[PDB]
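Contents: one structure, followed by commentary.
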Amino acid sequence: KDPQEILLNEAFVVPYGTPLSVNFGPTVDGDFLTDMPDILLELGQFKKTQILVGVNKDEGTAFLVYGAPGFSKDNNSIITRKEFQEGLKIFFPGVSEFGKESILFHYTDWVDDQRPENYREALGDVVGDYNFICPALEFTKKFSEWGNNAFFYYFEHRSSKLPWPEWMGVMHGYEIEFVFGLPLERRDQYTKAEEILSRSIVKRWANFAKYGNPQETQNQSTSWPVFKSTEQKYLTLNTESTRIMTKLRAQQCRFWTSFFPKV
Amino acid sequence: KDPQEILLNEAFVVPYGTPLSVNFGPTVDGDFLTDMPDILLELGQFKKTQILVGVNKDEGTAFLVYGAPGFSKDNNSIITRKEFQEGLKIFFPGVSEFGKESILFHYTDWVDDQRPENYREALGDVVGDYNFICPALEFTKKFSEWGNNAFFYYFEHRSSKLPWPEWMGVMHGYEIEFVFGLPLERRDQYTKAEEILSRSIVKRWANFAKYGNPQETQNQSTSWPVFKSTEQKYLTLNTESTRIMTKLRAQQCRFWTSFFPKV
Amino acid sequence: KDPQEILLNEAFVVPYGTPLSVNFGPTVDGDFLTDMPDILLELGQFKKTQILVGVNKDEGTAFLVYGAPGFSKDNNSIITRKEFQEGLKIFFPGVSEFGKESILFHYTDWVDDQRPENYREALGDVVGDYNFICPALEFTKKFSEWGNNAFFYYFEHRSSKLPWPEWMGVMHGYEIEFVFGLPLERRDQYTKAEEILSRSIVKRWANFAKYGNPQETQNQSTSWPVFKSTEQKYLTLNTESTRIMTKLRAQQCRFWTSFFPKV
Ligand SMILES: *[C@@H]1O[C@H](CO[C@H]2O[C@@H](C)[C@@H](O)[C@@H](O)[C@@H]2O)[C@@H](O[C@@H]2O[C@H](CO)[C@@H](O)[C@H](O)[C@H]2NC(C)=O)[C@H](O)[C@H]1NC(C)=O
Ligand SMILES: *[C@@H]1O[C@H](CO[C@H]2O[C@@H](C)[C@@H](O)[C@@H](O)[C@@H]2O)[C@@H](O[C@@H]2O[C@H](CO)[C@@H](O)[C@H](O)[C@H]2NC(C)=O)[C@H](O)[C@H]1NC(C)=O
Ligand SMILES: *[C@@H]1O[C@H](CO[C@H]2O[C@@H](C)[C@@H](O)[C@@H](O)[C@@H]2O)[C@@H](O[C@@H]2O[C@H](CO)[C@@H](O)[C@H](O)[C@H]2NC(C)=O)[C@H](O)[C@H]1NC(C)=O
Ligand SMILES: *[C@H]1O[C@H](CO[C@H]2O[C@@H](C)[C@@H](O)[C@@H](O)[C@@H]2O)[C@@H](O[C@@H]2O[C@H](CO)[C@@H](O)[C@H](O)[C@H]2NC(C)=O)[C@H](O)[C@H]1NC(C)=O
Ligand SMILES: *[C@H]1O[C@H](CO[C@H]2O[C@@H](C)[C@@H](O)[C@@H](O)[C@@H]2O)[C@@H](O[C@@H]2O[C@H](CO)[C@@H](O)[C@H](O)[C@H]2NC(C)=O)[C@H](O)[C@H]1NC(C)=O
Ligand SMILES: *[C@H]1O[C@H](CO[C@H]2O[C@@H](C)[C@@H](O)[C@@H](O)[C@@H]2O)[C@@H](O[C@@H]2O[C@H](CO)[C@@H](O)[C@H](O)[C@H]2NC(C)=O)[C@H](O)[C@H]1NC(C)=O
Ligand SMILES: *[C@@H]1O[C@H](CO)[C@@H](O)[C@H](O)[C@H]1NC(C)=O
Ligand SMILES: *[C@@H]1O[C@H](CO)[C@@H](O)[C@H](O)[C@H]1NC(C)=O
Ligand SMILES: *[C@@H]1O[C@H](CO)[C@@H](O)[C@H](O)[C@H]1NC(C)=O
Ligand SMILES: [Br-]
Ligand SMILES: [Br-]
Ligand SMILES: [Br-]
Ligand SMILES: [Ca+2]
Ligand SMILES: [Ca+2]
Ligand SMILES: [Ca+2]
Ligand SMILES: [Ca+2]
Ligand SMILES: [Ca+2]
Ligand SMILES: [Ca+2]
Ligand SMILES: [Ca+2]
Ligand SMILES: [Ca+2]
Ligand SMILES: [Ca+2]
Ligand SMILES: [Cl-]
Ligand SMILES: [Cl-]
Ligand SMILES: [Cl-]
Ligand code: NA
Ligand code: NA
Ligand code: NA
Ligand code: NA
């Protein structure tokens with residue numbers, strides 16, 4: 001077959017995809033992957049070494065404008081309860097009615113003013129928590145339980161140059177330019193605070209690679225504590241002030257991690 | 001003397017006051033107070049019981065519009081370095097030139113964009129840290145070292161009704177209406193999120209008084225941890241989400257607490 | 001170039017030197033030294049082995065007679081406040097006025113009789129603490145935090161043969177002859193107590209080299225405890241009686257180590 005015919009049919013190998021569909025991805029092949037990877041993680045079968053793991057404050061927003069009803073990069077996407085409900089059907093197509101209601105129940109207890117953006121924000125958090133943030137924290141816990149140092153970050157800076165609208169916040173993929181040091185180029189119109197945030201992340205990443213410890217030792221920076229089971233300390237990355245926090249998304253991730261897999 | 005003549009002369013009993021002057025206040029009288037109170041605190045001579053202690057995010061701002069040059073409730077008070085320097089002279093009149101420079105040095109290392117509000121914000125933090133926040137945290141540490149449970153809060157909600165301008169932020173005195181439950185009165189035009197914040201603070205205060213433990217046990221609230229030496233956990237009070245944090249103003253309070261008293 | 005022309009111009013490659021100038025010294029070359037050495041120390045990137053570290057009681061005095069005003073090997077060098085101030089300008093040429101005042105402030109709070117030698121002694125301690133003693137103790141702490149045994153000494157014996165005047169005390173470089181065992185030669189006019197001090201130091205050094213433990217095991221000597229973070233025990237070397245002490249120069253080194261680098 002022409003490579004085009006293979007590409008043109010990839011989308012259709014599944015009866016219904018979502019904006020998050022991975023139609024052709026890693027499998028347990030008995031070669032690269034010897035067993036179901038959840039089993040290897042749980043039972044400590046992996047390379048013993050240090051890890052650095054993190055997520056962005058609004059992981060799920062990018063996906064909402066690829067098909068969730070009432071969303072748009074070109075307006076504020078204030079959506080209704082009905083739209084939220086439709087959006088779950090878009091993101092959780094094989095899931096039972098009870099499964100989808102349990103998501104609605106966990107995410108729509110406000111908190112409290114009404115707050116036209118309530119449903120818009122909840123849908124981004126559903127998608128970001130389920131797909132990115134809770135699995136990263138779960139991976140980090142299970143990995144650290146076998147004795148290795150782990151460092152966890154929560155990136156919460158929105159790029160001053162971001163072409164996506166404000167409501168989408170600190171999107172998926174938008175720490176990358178900070179990690180590769182693009183704001184170090186003064187010719188590029190990033191702010192001065194961003195040049196500093198990038199320089200510091202660049203140094204922490206490089207110190208991690210060289211020394212297994214993502215500290216910035218020279219500028220009176222906040223010390224990055226290891227992420228342990230029990231305390232679960234993480235470092236926030238922002239332009240203002242680095243903070244040590246604990247138990248990112250504790251209540252949300254209990255939902256996705258212990259209850260949702262049963263549904 | 002007529003009480004008016006006493007009142008009219010009170011301001012002048014001091015060669016130079018500041019907006020923070022307490023001309024006639026508590027003294028060591030050998031009766032109510034048997035010794036210098038710093039000595040009693042340090043050496044554990046006080047009632048052994050639980051305490052609840054807290055401060056507001058912008059304690060020092062209220063005082064700046066009573067005489068610091070370039071400040072005004074009726075504009076944004078963007079002040080210069082020269083004005084900041086003059087402002088220290090207004091707030092630290094008996095203090096040596098070196099003392100005042102040490103304050104300038106500790107507070108003016110930015111952090112980094114310039115940031116026209118840099119000096120305005122620093123002066124509010126100088127006043128709030130020196131006068132309210134570091135002494136409260138120091139009191140809380142020394143008190144808890146003698147074995148009693150202590151709970152510390154950082155109030156960071158600006159009242160939607162605040163008549164003072166925005167730059168003054170979460171001012172001194174403006175948690176009080178939340179503590180006395182004024183936002184519980186729906187007729188009063190506080191937001192719904194404020195009614196909820198107040199109800200929860202009212203419950204924590206009442207639980208503290210009745211049970212020595214300022215928890216809100218029924219609504220899945222963040223648990224308020226005791227403030228201990230070493231970890232120094234505190235609870236943030238805000239309309240969005242209560243957080244447990246550590247070592248409020250660590251770098252600033254090291255300055256005021258260990259170095260400034262020598263100057 | 002003739003080697004003489006290179007030598008003759010070395011002094012001038014810098015706009016102002018001090019008696020402590022190292023115009024051509026180690027650099028981070030990417031070969032011998034792979035990174036800034038403060039970063040390697042802090043992040044534990046060094047050979048894991050035992051160390052023996054020490055300093056002399058008056059490290060800074062030797063340097064004062066190479067240019068500090070009012071100092072002389074040929075009189076008692078009783079200097080004034082003005083001379084002390086001038087001396088800081090000689091030793092801290094690139095340093096801000098505030099930086100130099102902070103040194104004056106930390107070192108001139110007496111303690112208390114006046115004490116004509118006050119300023120003379122303070123200037124020697126400024127130079128010795130900044131340049132030798134606090135960096136050695138800081139090196140020893142950071143090295144020991146990674147698990148290796150460290151032993152720290154404070155040499156406080158003035159050689160009976162010292163050609164420098166008394167006020168200079170236990171100078172920089174004047175333990176060396178004790179370490180190489182020159183006082184073991186009875187023909188040399190060192191005292192008997194010095195022969196014994198040298199014999200014991202020679203044995204401790206040799207036991208350190210052979211066995212990693214600088215004990216003198218046969219003569220009822222004071223046991224030399226490992227220097228740990230937290231307790232910071234060190235051994236004094238003197239002709240009278242060896243003592244175990246703690247936290248050499250604690251107050252001074254807090255100044256140089258945590259505050260001065262900011263200035
Ligand atoms: C934000 O826009 C959406 C997305 O679709 C629209 O893009 C707009 C910027 C505009 O060009 C519009 O014409 C275009 O269709 C709006 O939702 C859409 O609105 C109609 C009804 O008016 C629905 O029937 C559409 O199906 C729906 N599209 C999708 C993909 O849901 C949305 O209402 C708007 N929100 C605002 C203005 O707050
Ligand atoms: C904010 O206002 C201050 C405070 O004083 C002023 O109040 C203003 C709202 C206005 O009515 C003004 O006329 C009144 O005096 C301004 O600082 C003042 O400005 C003058 C020079 O223009 C100084 O000589 C005054 O001494 C000074 N007063 C004080 C108490 O410092 C301030 O500049 C202004 N800031 C702005 C607009 O950003
Ligand atoms: C200790 O001596 C110094 C150093 O300079 C001097 O050495 C002396 C032993 C003597 O030979 C003297 O003539 C020689 O200059 C004295 O300080 C010097 O004194 C003069 C003023 O009298 C100053 O103008 C010099 O600049 C100054 N030299 C330096 C390098 O500072 C010092 O006063 C003396 N102290 C005593 C006796 O207590
Ligand atoms: C995997 O196998 C079948 C295959 O059905 C598919 O045929 C493909 C070639 C492709 O075009 C795809 O879109 C189509 O869905 C799946 O069966 C589907 O299930 C529905 C009901 O859900 C039935 O109507 C059909 O058999 C078929 N769908 C359509 C629209 O024709 C089957 O769901 C899947 N197995 C899984 C997901 O585990
Ligand atoms: C306490 O005692 C004196 C008293 O001086 C004061 O006289 C009062 C009745 C009152 O009006 C007050 O404003 C006035 O200051 C203080 O002496 C002052 O110090 C200055 C120099 O700082 C001198 O000029 C005067 O003696 C006097 N000031 C003025 C403006 O006339 C003294 O400072 C104080 N003691 C303290 C603060 O410890
Ligand atoms: C490194 O570069 C310049 C070089 O200046 C020097 O020229 C040398 C060849 C040598 O003779 C040396 O003594 C001379 O200082 C330094 O510039 C100096 O700074 C001063 C002001 O501080 C200026 O007047 C001159 O450019 C020069 N000094 C003199 C006396 O002529 C520069 O300071 C230095 N860079 C550093 C220290 O980081
Ligand atoms: C540290 O601070 C300097 C000067 O204050 C700054 O220019 C540099 O970017 C900083 N280095 C890192 C790694 O953040
Ligand atoms: C707890 O929740 C209820 C109902 O959800 C609410 O009305 C009440 O204000 C809350 N009580 C406290 C003490 O916060
Ligand atoms: C130990 O003591 C002996 C005899 O009392 C003495 O001569 C010798 O110098 C000492 N040895 C050491 C290593 O100090
Ligand atoms: Br419904
Ligand atoms: Br200045
Ligand atoms: Br002076
Ligand atoms: Ca958040
Ligand atoms: Ca992407
Ligand atoms: Ca930092
Ligand atoms: Ca703050
Ligand atoms: Ca008030
Ligand atoms: Ca809560
Ligand atoms: Ca001494
Ligand atoms: Ca020498
Ligand atoms: Ca001995
Ligand atoms: Cl916690
Ligand atoms: Cl912490
Ligand atoms: Cl001790
Ligand atoms: Na609703
Ligand atoms: Na500036
Ligand atoms: Na200081
Ligand atoms: Na004096």
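Naming: A, B, ... by sequence-line order, numbering from 1 per chain. The basis for the numbers below is simple: all heavy atoms, side chains too, and nothing from hydrogens, waters or symmetry mates. Order of appearance sets the numbers: ligands from 1, and atoms from 1 within every ligand.
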(message) Taking the six-membered ring of A:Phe227 as reference, does the cationic atom of A:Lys233 (NZ for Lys, CZ for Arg) lie under 6.0 Å from its centre and within 45° of its axis?
(response) no
(request) May I ask you to check whether over 12 heavy atoms, not counting those of B:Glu231, lie within 6.0 Å of atom CD? (result) no
(request) If a pair satisfies salt bridge (charged side-chain N to carboxylate O under 4.0 Å, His left out) and one of its residues is in residues 53-62 of chain C, list it, with sequence neighbours excluded. (result) none
(message) Would you say the ring centers of C:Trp205 and C:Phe180 fall short of 6.0 Å from each other?
(response) no
(message) I'd like to know whether the aromatic ring centres of C:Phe259 and C:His106 sit less than 6.0 Å apart in this structure.
(response) no
(message) Using a 4.0 Å cut-off on heavy atoms, what residues surround ligand 7? Order them by chain and number.
(response) A:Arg199, A:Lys203, A:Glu216, A:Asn219
(message) Under a 4.0 Å threshold between the charged nitrogen and the carboxylate oxygen, would B:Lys142 count as salt-bridged to B:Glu42?
(response) yes
